[PDB]
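Encoded as structure tokens, the structure appears first; notes follow it.
Since every read-out is calculated from the coordinates, none of them should be taken as a lab result. Here the Cβ positions follow ideal geometry from the backbone for every residue, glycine too, while neighbour counts run over all protein chains shown.
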Amino acid sequence: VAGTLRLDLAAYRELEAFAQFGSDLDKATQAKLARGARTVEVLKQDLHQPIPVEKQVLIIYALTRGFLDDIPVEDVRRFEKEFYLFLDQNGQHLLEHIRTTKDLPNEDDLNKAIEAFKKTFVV
Amino acid sequence: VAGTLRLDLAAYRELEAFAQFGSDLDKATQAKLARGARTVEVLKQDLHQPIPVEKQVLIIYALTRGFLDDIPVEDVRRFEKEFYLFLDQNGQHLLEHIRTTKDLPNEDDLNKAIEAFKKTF
Amino acid sequence: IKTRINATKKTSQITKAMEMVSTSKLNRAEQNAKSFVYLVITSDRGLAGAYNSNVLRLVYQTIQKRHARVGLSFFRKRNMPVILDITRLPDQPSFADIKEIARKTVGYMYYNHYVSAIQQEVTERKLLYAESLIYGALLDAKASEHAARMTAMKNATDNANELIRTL
Amino acid sequence: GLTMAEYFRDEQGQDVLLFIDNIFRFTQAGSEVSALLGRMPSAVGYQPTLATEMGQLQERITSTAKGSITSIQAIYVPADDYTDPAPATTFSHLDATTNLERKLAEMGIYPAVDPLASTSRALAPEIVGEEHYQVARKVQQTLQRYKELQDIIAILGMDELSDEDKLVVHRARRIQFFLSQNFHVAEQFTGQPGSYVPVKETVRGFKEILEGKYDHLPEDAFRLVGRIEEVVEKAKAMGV
Amino acid sequence: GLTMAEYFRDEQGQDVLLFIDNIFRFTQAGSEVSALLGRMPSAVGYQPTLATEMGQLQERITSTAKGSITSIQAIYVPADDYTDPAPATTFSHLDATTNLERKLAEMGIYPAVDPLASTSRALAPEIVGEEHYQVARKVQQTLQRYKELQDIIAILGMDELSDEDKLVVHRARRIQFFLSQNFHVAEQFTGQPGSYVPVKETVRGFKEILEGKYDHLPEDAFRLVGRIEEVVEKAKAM
């Protein structure tokens with residue numbers, strides 16, 4: 001997931017100055033701007049509290065594969081905060097598999113888990 | 001009058017870099033640029049030509065109050081010359097008041113003197 | 001030298017702001033145009049590089065051969081008589097806004113035409129309905145003007161950056 | 001002066017403040033002393049032991065179990081060179097740094113504090129509260145946006161700006177003047193009596209300004225006052 | 001050489017012309033032996049006593065009630081740096097100063113005299129007259145304005161300039177070229193005979209250039225020329 005994260009982050013970071021003056025460019029540019037806003041809001045952390053790597057890979061999975069694009073920019077931080085404890089409670093199998101083998105969980109399983117969380121998430 | 005002059009120059013130094021586009025700038029920016037040009041012409045002096053304090057105060061008052069915004073820029077120096085003689089002809093009371101009380105004279109009389117000179121000019 | 005480099009950097013920042021504004025305004029202008037899609041149509045403000053110069057020189061040649069505020073200033077400095085002026089004009093003109101001007105003119109137009117990436121080109125039309133074609137020409141001219149200003153201002157930004165790199 | 005302040009901190013207990021005229025002149029005195037002693041210069045001619053001496057000064061200004069010493073030190077930055085050894089070395093001991101800009105001072109804004117270059121260790125909710133931090137950050141964002149829009153408003157008219165840009169500049173001028181306050185000591189210079197503004201009333205006034213409650217007051221009302229109630233009183237005084 | 005000229009000034013009272021083709025080499029040679037004499041290095045490795053040693057010489061080169069001495073000294077500038085201690089210290093010993101610029105020399109403008117940085121005590125309205133002072137100051141102002149406009153021209157361009165700035169650039173190029181003249185000693189370097197321009201002719205020509213009398217003439221005609229009529233004579237050749 002680091003490669004895709006780098007691609008979108010660099011694409012948005014190269015051109016953030018264009019957006020701030022309004023009257024956005026082509027729809028691809030608008031999508032890049034939205035994805036980059038989500039990316040920068042995701043990578044912001046709250047001071048002395050680290051995040052376990054098992055949580056990092058799954059939150060970046062949620063970010064990169066086009067799932068946070070339906071969430072307002074300011075609310076993705078609270079989305080991450082709720083995602084962490086939701087995975088700790090009801091998503092222990094994905095995190096356990098990440099711990100055991102250091103590879104992503106089965107695509108359909110993590111997809112349905114995060115889709116259910118998005119369904120129950122209160123935006 | 002020097003407080004207002006400092007404010008004018010501070011405003012003018014904020015629009016020098018935009019003078020490169022000065023042909024097609026904003027109305028307020030153009031007014032500030034014109035006032036700055038008049039100011040830098042007013043502050044120009046010649047060698048071995050001291051000016052009495054009262055006449056400095058009066059010319060700075062005329063500049064700040066906007067009486068010089070109608071005359072052309074290149075004439076300002078000539079203005080600053082002739083007006084002085086005008087004072088020594090007619091505005092002796094204003095100069096004497098400034099020299100005695102060390103304070104600005106009545107402002108409506110000063111405006112009337114300025115208007116009379118502008119009619120003369 | 002420090003004052004020189006600082007002034008050039010500030011000028012570069014000003015040009016960057018101008019070209020970003022020009023990009024946004026060009027987006028709005030060509031969106032409006034594609035929603036929709038003698039006389040001389042020229043911009044009010046300059047800074048458009050050779051956008052105005054090409055039209056003015058070409059109309060000078062064509063008037064000198066056939067006929068034997070940056071738009072009207074050229075004619076005044078050329079000391080020529082004109083009938084109608086609409087110097088100040090909104091970026092997005094309502095049909096009623098230029099409708100009256102079209103009515104008085106119609107009671108031979110020259111304008112820029114939009115091809116992106118420094119490819120705007122001058123164009124002619126002889127006419128004598130027509131008000132619609134004048135509207136299309138004006139919208140095309142506004143879009144081409146915004147594009148030309150963006151291109152020229154980006155060129156100025158690169159020139160300033162080259163100067164600051166040399167220094 | 002530090003010895004006097006440290007006695008007052010320890011044997012008297014209550015908080016003691018130590019104001020220092022200029023740190024730059026202390027570093028230059030040290031540099032001249034080293035040069036007279038014959039030691040080899042470092043950086044821009046400065047003493048080799050500059051960091052050691054500045055530490056030995058600034059490390060005795062600490063809050064201990066007996067009491068606390070607050071310190072306010074003025075630093076002269078030569079030629080606007082913040083990379084000079086004296087200011088750069090001072091930067092490593094300062095919890096809060098306030099930048100005084102001549103551009104604001106020429107505009108009448110006093111204390112000519114740079115709003116965007118002024119940094120504090122304690123501008124976080126955990127020390128000042130969520131409301132204080134939120135208000136400060138909103139003011140910083142508005143001033144930054146106004147600074148960015150300076151060039152466009154200078155070249156193009158205010159009409160070219162959108163409604164939100166117009167609003168942000170409209171409020172930004174009000175905040176810009178409102179950060180200036182009449183000084184108790186400036187009665188020496190300008191004669192006007194000064195004022196003292198509690199932090200709670202400060203954040204209340206800035207919040208009210210940011211809320212749009214006073215977009216109808218002309219900016220000169222906020223020129224040099226203590227409280228936003230004083231802004232209303234001055235606006236009444238001008239005849240609005 | 002100073003002793004030889006000083007005898008003529010003092011014991012004869014005759015006007016003297018004292019030429020020194022490089023007075024900087026005196027300072028340089030004093031600096032060469034400075035370290036070996038036993039003196040600590042000063043700034044830029046010069047002598048600690050650069051100023052005093054130079055003053056003890058330059059103060060003898062002077063006019064007296066017995067007689068006048070017109071002294072012309074050429075001063076070499078190391079590494080093309082006018083802020084070097086020797087030229088900087090020398091600048092305070094001279095009435096008139098001519099600054100020769102490498103940039104002007106590379107452009108074919110000879111004598112490569114810097115029109116701005118070179119100033120003399122004699123440029124006063126009561127010494128050279130009001131007309132001469134006015135035209136000289138206007139020329140210098142125009143050239144300084146052109147120098148400041150050069151950066152805007154580089155960044156923005158030529159078309160973005162205002163009409164007044166375009167006229168300023170035009171007349172500034174014309175003046176900067178016209179400030180050059182063919183030298184007599186330039187014969188072997190040019191094959192062209194030299195020229196002698198009276199001060200009246202110089203002032204009249206520059207006053208006419210600033211007025212716009214010779215706007216239409218191509219700038220090429222203004223290089224290595226004598227009086228202003230020689231400019232139109234060169235223009236007939238094109």
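Here are the numbers for the structure shown:
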{"item": "Dimensionless Rg over Rh [region E:32-150; C-alpha; Kirkwood]", "result": "1.04"}
{"item": "Positive minus negative residues near residue D:76 (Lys, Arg vs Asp, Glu; Cβ under 13 Å)", "result": "-2"}
{"item": "Near-label residues of region B:1-36 by backbone N, under 15 Å of a point 7 Å along Cα→Cβ of residue C:10", "result": "B:9-22, B:33"}
{"item": "For C:43-50, mean number of other protein chain Cβ atoms within 10 Å", "result": "4"}
{"item": "Cross-link reach list, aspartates and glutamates versus residue E:66, counting only Cα pairs under 18 Å and skipping chain neighbours closer than eight places", "result": "E:6, E:10, E:11, E:15"}
{"item": "Listed pairs B:27/C:25; C:34/C:77; B:27/D:138; A:44/A:119 exceeding 26 Å between Cα atoms", "result": "C:34/C:77; B:27/D:138"}
{"item": "Stokes-Einstein D for region E:168-215, Kirkwood Rh over Cα pairs, 20 °C, 1.002 mPa s (µm²/s)", "result": "180"}
{"item": "For region E:104-193, projected area of the alpha-carbon convex hull averaged over all directions, nm²", "result": "7.7"}
{"item": "Out-of-range pairs (alpha-carbon distance over 28 Å; input C:2/E:207; A:32/A:118; B:32/C:10; C:10/D:200)", "result": "C:2/E:207; C:10/D:200"}
{"item": "Cβ neighbours within 10 Å from other chains - mean over B:24-36", "result": "3"}
{"item": "Globularity ratio of region B:1-46, using Cα Rg and 2.2 N^0.38 Å", "result": "1.17"}
{"item": "Calculated FRET value between residue E:128 and residue E:52, using beta carbons and R₀ = 30 Å, to 0.05", "result": "0.30"}
{"item": "Semi-axis lengths (Å, descending) of the ellipsoid that matches the C-alpha gyration tensor of the protein assembly as shown", "result": "56, 45, 34"}
{"item": "Local net charge near residue C:58, Cβ-Cβ under 13 Å (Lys/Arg +1, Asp/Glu -1)", "result": "+1"}
{"item": "Compactness index (Cα Rg / 2.2 N^0.38 Å), region D:1-87", "result": "1.25"}
{"item": "Where labels lie 7 Å past Cα in the beta-carbon direction, separation of residue A:34 and residue C:58 in nm", "result": "4.1"}
{"item": "Cα-based equivalent ellipsoid of region C:45-167: semi-axis lengths in Å, sorted from largest, via gyration tensor", "result": "29, 18, 14"}
{"item": "Nitroxide proxy distance, nm - points 7 Å out along Cα→Cβ at residue E:167 and residue E:33", "result": "6.1"}
{"item": "Average partner coverage of E:148-155, which counts Cβ from other chains inside 10 Å", "result": "4"}
{"item": "Sites residue B:6 and residue A:20, calculated FRET efficiency, Cβ-Cβ separation with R0 41 Å, nearest 0.05", "result": "0.75"}
{"item": "Nearest-0.05 FRET efficiency for residue C:44 and residue C:100, computed from C-beta distance (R0 22 Å)", "result": "0.75"}
{"item": "Taking only Cα atoms of chain B, radius of gyration then Dmax in Å", "result": "15.2, 48"}
{"item": "Structure-based [θ]222 nm, chain A - -39500 (n - 2.57) summed over DSSP H runs of at least 4, per residue, nearest 500", "result": "-21000 deg cm²/dmol"}
{"item": "For q = 0.10, 0.16, 0.17 Å⁻¹, Debye-computed log10 I/I(0) when each Cα of chain D counts as one equal scatterer", "result": "-0.64, -1.26, -1.34"}
{"item": "12 Å beta-carbon shell around residue E:102, net charge (K/R +1, D/E -1)", "result": "-4"}
